[PDB]
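Results of the structural survey
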Amino acid sequence: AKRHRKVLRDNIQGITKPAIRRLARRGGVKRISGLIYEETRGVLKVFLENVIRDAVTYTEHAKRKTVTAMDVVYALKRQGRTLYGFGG
Amino acid sequence: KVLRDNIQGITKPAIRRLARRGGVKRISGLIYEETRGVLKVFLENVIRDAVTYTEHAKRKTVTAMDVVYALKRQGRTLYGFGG
Amino acid sequence: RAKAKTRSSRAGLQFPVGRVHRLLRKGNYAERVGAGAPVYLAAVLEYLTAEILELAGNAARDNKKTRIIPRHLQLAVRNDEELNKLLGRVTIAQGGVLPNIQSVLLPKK
Amino acid sequence: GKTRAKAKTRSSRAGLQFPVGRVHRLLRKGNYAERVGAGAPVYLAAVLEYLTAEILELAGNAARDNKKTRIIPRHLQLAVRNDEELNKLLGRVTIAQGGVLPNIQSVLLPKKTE
Amino acid sequence: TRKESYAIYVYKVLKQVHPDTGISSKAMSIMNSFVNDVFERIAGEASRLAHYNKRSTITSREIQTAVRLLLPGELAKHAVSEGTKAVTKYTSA
Amino acid sequence: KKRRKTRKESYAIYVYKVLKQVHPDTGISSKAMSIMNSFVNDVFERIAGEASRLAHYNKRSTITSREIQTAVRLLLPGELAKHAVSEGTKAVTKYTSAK
Amino acid sequence: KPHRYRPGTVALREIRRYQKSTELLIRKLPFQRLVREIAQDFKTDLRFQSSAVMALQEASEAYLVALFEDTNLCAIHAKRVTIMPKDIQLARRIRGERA
Amino acid sequence: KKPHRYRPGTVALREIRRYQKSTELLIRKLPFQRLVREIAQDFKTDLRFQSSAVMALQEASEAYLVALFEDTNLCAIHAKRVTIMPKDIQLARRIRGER
Amino acid sequence: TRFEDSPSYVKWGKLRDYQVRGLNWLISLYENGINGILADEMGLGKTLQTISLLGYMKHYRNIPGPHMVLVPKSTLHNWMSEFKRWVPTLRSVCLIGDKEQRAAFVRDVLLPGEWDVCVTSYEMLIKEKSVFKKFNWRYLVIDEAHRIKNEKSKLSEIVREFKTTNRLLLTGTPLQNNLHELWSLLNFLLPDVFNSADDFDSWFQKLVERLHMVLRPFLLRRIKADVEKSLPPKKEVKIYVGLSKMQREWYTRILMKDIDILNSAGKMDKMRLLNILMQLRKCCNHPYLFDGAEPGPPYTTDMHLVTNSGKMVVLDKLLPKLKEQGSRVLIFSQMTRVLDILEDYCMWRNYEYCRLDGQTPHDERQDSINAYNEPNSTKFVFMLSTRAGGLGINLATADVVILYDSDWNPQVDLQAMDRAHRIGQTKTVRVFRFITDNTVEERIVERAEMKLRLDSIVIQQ
DNA sequence: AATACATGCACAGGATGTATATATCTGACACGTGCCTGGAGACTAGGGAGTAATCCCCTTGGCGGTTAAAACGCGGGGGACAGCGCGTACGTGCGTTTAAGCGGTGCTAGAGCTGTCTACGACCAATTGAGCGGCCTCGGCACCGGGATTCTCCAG
DNA sequence: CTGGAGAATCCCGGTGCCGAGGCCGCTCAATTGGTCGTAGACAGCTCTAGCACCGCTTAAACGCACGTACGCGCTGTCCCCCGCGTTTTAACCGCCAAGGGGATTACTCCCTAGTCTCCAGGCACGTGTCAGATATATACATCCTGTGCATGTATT
Ligand SMILES: Nc1ncnc2c1ncn2[C@@H]1O[C@H](COP(=O)(O)OP(=O)(O)O)[C@@H](O)[C@H]1O
């Protein structure tokens, strides 16, 4: 099996394959390949890198240390995806 | 003096030139009328959004700046015409 | 010195207009703000909110609930045409997806 | 008293080439905030100066590669599209008389290419 | 502390439209953020109209044309009708 | 004359000075000058709107150099942003050191 | 005897020729009559400054060229060479101009 | 005797209908939170979070991937196919207007 | 008043006299109609006290049930063994497991009211509140009454809204931090005399006055030095260890905050985010808890694993020193990863361990405690989490307890301290507890000492 | 008078809408500020109507090509058919690890004081930037010639 | 099959050859730089307490792995038909010139309308509290798959 001090599963791979499957059936697709998951993790890392870079820039400008919900609403609004709900 | 059927004045080789700039080798039939519909609805959108600017400014003449602003608020900004 | 009539009570509105005027002045839109301006703007906001909440109330009535949840108004906006076109790049949190399965994926055999 | 000394403009006082005073005036009249800081239009004109310097460097390179001596809109289009970050900065901007980057798809190349 | 919001007015028009219908907490936050976004978009558009026509004020004409711009067809028509009716009510009274 | 046709202020001579700085032997067509002028007006509008929304969000009223710094950190992507921030900070510290 | 070209190479000739060029591929006067024809029912008896018509021709030409580029991408991904109305309908559906 | 295995393409349909008729999250919250903290660690080190911030951009990333899988399924249907593939999301991200 | 001896309803029953005096106290509380707090020291027959109480109740007061007993899940089989061994006449049931055996258990025995006493762990009550709110409970006895430390926990609510007659409490260390623990316990047991915490503060020589104002109506507090007189009191030596070279360089490395290698860049990987004091606790325990402190590993357990933290150095020097001493040793690791590292090390030094991590199932738990407590036992080392192991078990076989790291609360340290000092010991109760310097751990034991001092001034009476 | 494939029920099974209790927690509402909005007035300046100058868009006319329109034929691409095989769906058994509930810190959001130097505003000077005009060099255009890719026989 | 020879148009490139928009030089103006006087946004310094991090506990549902099997993706063939390529025939775009009036647009006066500023008061918010909408549980009828096979026509 495995030996002790079990620290594993690099953090992008923590987004598990049935979660991408559940997102797929939520998106309404009948049948997935076996290669969709890796590039999907790449797409998600790219998108979160852009949005988190904007929110970190916002919170750096306000001289804070805690990313709020308002910072990521401003970051997503500045990208073209206005998120209702959280904050405001 | 209202004009009648100028959309079919956009001739087939003009659409072929517009396509072959885009990089397409073979072009099937009946793509033409769909291209007429696309062009017509797009510039219907920008003509309505320009005419509203002109009628707010109390003019009778559509300037180029109204077209530039109407393309700007559509997220399709056009440079060159004195922005 | 007399009784204070709110301008929303003189415009027939339900949205406030003093707050809208204070927002227009402090929001740095122009150095001057007309007196028909906050009345007209609160009228448009009131019509838009009534327009959403009527459809969201119908959708909450379909799912046999009194309350209105984000799923109801999300289905109401994406089910309507004009409100969808107004809110195309707008992501309602806790909203879910309007149900749509493409017809070549049903078995039908 | 020196009621008008040597009128050293701020573009020469920042070591710049862009109209600091005109940018200050357009920030004041521009309905952007209540007050506009003094260190702001120097920074803004410097950033605009650097961006214009980049676009003109690439347009001059692409125009010299076409042997001409005047930057035309085609050279501006090829300069902005043959660079990644400027393409992402101008991902929506069409320019007039610009043309397209030359790009045939690899599939549409004729068969038995050899 | 003090933080203004459009909660009670949304509840008022909700009770006006449907007299027996509640609403959540998060649906109230969604409607509040929606009203904030729409008001911000219309006010920014009227500001840009006032800059384009060399003006310096915002009267009802600028926001009426901003409503003409921002909304699709029948929604824009009915919002313009509602706004003109409300400003005639305000001026006449 | 003809009422001395109105002062249509634009960015012609600054574009032309910078063009003589980088490629000192290269002219420019007038339509390309209109392109660069519309470009610099658009970019100034973008940075101004961004710094205005920043100063609005922090509940302040003074657009100063820090908000333009974070506005060009938001707008410009990557290497362009870092080079522009370095150049703008150099210009501001030169103008403050020599005012 | 009348020496011909193989079907599929004059199209590549035209692709290189038009991507090299930067002119207006649609002629200007029928486009102007089109714009007046569809502005006839928004406000009657308008006037166009003809820099407006030049700007509209540039905007619609750039829009249609980007549309045909993405449509060509579609009909190549679908294992074809020719483009067909399902490809352009997919292009506007994915891009979001069509709901 | 003879256990009742469902056909390929039936549990898929019931899963699609069940997950489209719901509105809850799909990604599990602690791996997403640790992923967000590792992305945000790259830009700046000492970053706390709101604990509604991560829920906010979880809803954002979920809506993004749902739209991406939707038009990916669209273009895969267009290719006379049912299974989605890497070229599907590459074409969708290209003609969508992204990188 | 009542039974003036070790009574007769208990079978194989040797009640000591002070427990019988406490029984008279509880029955006097029952006569006065007041919910009380039985909160003396551990190892004072407290489970035998309440078992003797219900053995009096069912026999001479004709109360056949129900009287639930709340325990931590590490004490269910212990309580059921004490019920089956001392007062057998009460119908004895116990509930544990997933929803399937829970449904089977309620369908069998919990419908008709057939049992008399039902021991039940905490989370089982949180899952079956809908079942147990459908009963008329006579008593309510909570063993280890410190899950009710705050009065805002969902367990605190769900035990406050029991429609029941009597409540009784059973803990060892009734004070937790200052006053609010006693406040919440008083607002649980007798809620109709208690309104706000300011009332408790205004009632709070004033400290000893409020102490007797608790002690006379409802409190009982003793220690084994008052009643036992047959045992060593304690035997403690506070030994401080050195800091290894790897320990010191890891301490400077975590104090400059700019350390990691596990990518192309030298990032931080979130490990120095907010709570740097517990990161220094993790450092001072062992650097190998962090990533890559061992080299790019073929996972062998060298002596460099034990010579890279001074606690482990003194520990490896002392385990043969206790082997020649020849008695059972008892290690209490707070961090479970440190317990895993000790598992690897005692496998490397080939002693017999029984790991009590806190995620082990109960069926592999009670038999492990029994095999440690067998007559002439063999399992030399006994590795436990401090909380889920040292909360409520009895380990009178050993005599030396190794408190590896004292946590922020000194009273759970006293609980894991006196686990070995349960009934007393044939030998003396040696304590070898470790502490590292030049860190926050001295501040930990100092704040624990101030908490223990403000507990001591009131716990002397 | 038994085989071959097809159509269709039967029924075995599994999910699922629904009937009904009920536990709860969370939205609806009641109250007590107080701070923002309204009443009320002085004002000045931004907009509003007038007015002539004038550029500048719209019609008309001609004509001369250049592009569009129509036609053919065929060759190659789209599309249906079919064969296969392996890649993905589905069911089940272990296992792990998220999730809700604990304690248990303390960093850091956040509110309030408060003093200054920051920008606003105004005056006055003076000069740089827009406009106008002239002029000539870069570039578009045109002949024309020489290379450069393509297609087909045809002798390998 | 098949490279290749050679026509054979296509296209680059060269060399004039006009020509007309950059390009620079006055010009003179609205704008900006210098001075300085106020005032109040923000920098900076408090406290403070809210919530964010962080590990343990304990359940239990999903994730992982594997088995199996079959259904869809991929390739390959045929065919057929329909867009590409070229030729011939129209047609109307574009260039040029000229007129005409009309919107426009910069200047002028004037005048209401939003701003500024006190003074008071009542609607919006924060806090608390409680009952009912719904989340949950369990039970049961109600549909949907699936497929085994009985047979409903065909085959023999
Ligand atoms: N009469 C007695 N005879 C022998 N042993 C006793 C007697 N009474 C109590 N004990 C021992 O003292 C121990 C006290 O344990 P206790 O502290 O009551 O457990 P908890 O900490 O759960 O309350 C019991 O486990 C029991 O073994």
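Conventions adopted
Numbers given for residues start from 1 on each chain and follow the written sequence, which can depart from the numbering in the entry; residues without coordinates are excluded. Chain A is the first chain written and ligand 1 is the first ligand written, with later ones labelled in order. Water and hydrogen atoms were dropped before computing side-chain values, which therefore reflect all heavy atoms in the structure. Residues with missing side-chain atoms are left out of burial classes, side-chain pairs and their counts. Any residue with a non-hydrogen atom lying within 4 Å of a molecule or strand is treated as near it. N or O atoms closer than or at 3.5 Å make up a polar contact, with two conditions inside protein: a donor-capable atom paired with an acceptor-capable one, and, for residues adjacent in sequence, both atoms drawn from side chains. Helix and strand definitions follow DSSP, with helices as H or I runs of at least four residues and strands as E runs of at least two, each counted in order from the N terminus. Working definition of accessibility: Shrake-Rupley area with a 1.4 Å probe, residue cover restricted to the visible protein chains. Just so you know the grouping, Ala, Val, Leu, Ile, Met, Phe, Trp, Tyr, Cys and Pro go in nonpolar, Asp, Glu, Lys and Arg go in charged, and all remaining residues, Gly too, go in polar. Domain start and end points were adopted from an automatic or database domain assignment. Pairing of aromatic rings covers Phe, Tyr and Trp, the last counted by its six-membered ring, and requires centre-to-centre distances within 6.5 Å; plane angles under 30 degrees mean stacked, over 60 mean edge-to-face, and any other angle means tilted. For every residue, the accessible area obtained with a 1.4 Å probe (protein chains only) is divided by the maximum for its type, and the residue is called buried under 20%, exposed over 50%, and partly exposed between those limits. The criterion used for residue contact is that any of the two residues' heavy atoms lie within 4.5 Å. Buried area is understood as the total, over both parts, of accessible area removed when two parts are fitted together, assessed with a 1.4 Å probe.

Method of structure determination, per the deposited record: cryo-EM was used for this entry, reaching 3.9 Å resolution.

Turning our attention to the protein's contact with DNA strand K. Close to DNA strand K lie 99 residues, the nearest being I27(B), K65(C), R4(G), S51(H) and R102(I). Backbone atoms, meaning sugar and phosphate, form 92% of the atoms of DNA strand K found within 4 Å of the protein. Here a phosphate oxygen of DNA strand K and a backbone polar atom of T9(G) are 3.5 Å apart. Note that a phosphate oxygen of DNA strand K is positioned 3.1 Å from one of the side-chain N or O atoms of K99(I). Per-element accounting of the surface near DNA strand K gives the leading share, four residues, to helix α1 (residues 10–20) of chain G.

Residues and elements named next belong to chain I. Contacts to the ligand come from 16 residues, most closely from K14, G43, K46, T47 and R422. At 3.1 Å, a side-chain N or O of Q19 approaches a nitrogen atom of the ligand. In isolation the ligand exposes 570 Å². Once the protein is present, 86% of that is buried. Taken together, the residues that form the shell around the ligand break down as five nonpolar, five polar and six charged. Composition of the shell around the ligand by domain shows at least three residues from each of domain 1 (17–226) and domain 2 (235–460).

A few words on the packing of aromatic side chains. All chains considered together, the criterion is met by 37 aromatic pairs over all chains. Plain terms: the ring middles of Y53(B) and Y69(B) are 5.8 Å apart, the flat faces sit at 50° to each other, and that makes the pair tilted. In this pair, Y53(B) sits in helix α2 (residues 32–56) while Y69(B) sits in helix α3 (residues 64–73), placing the two residues 16 residues apart along the sequence. Here the two residues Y53(B) and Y69(B) agree in accessibility, since each one is buried. Measuring from centroid to centroid gives 3.5 Å for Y69(B) and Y52(E), while their planes differ by 0°, and the two rings are stacked. Within this pair, whereas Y69(B) is found in helix α3, its partner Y52(E) is found in helix α2 (residues 26–52), the two belonging to separate chains.

Let's shift gears to the interface of chain B and chain E. The interface is formed by 10 residues belonging to chain B together with 10 residues belonging to chain E. On the chain B side of the contact with chain E, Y53(B), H56(B) and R73(B) bury the most area, a combined 59% of that side's loss. Counting across the chain B and chain E interface gives three residue pairs in polar contact. Secondary-structure elements contributing two or more residues to the side of chain B that touches chain E are α2 and α3 of chain B. The greatest single-element share of the side of chain B that touches chain E, amounting to five residues, is contributed by α2(B).

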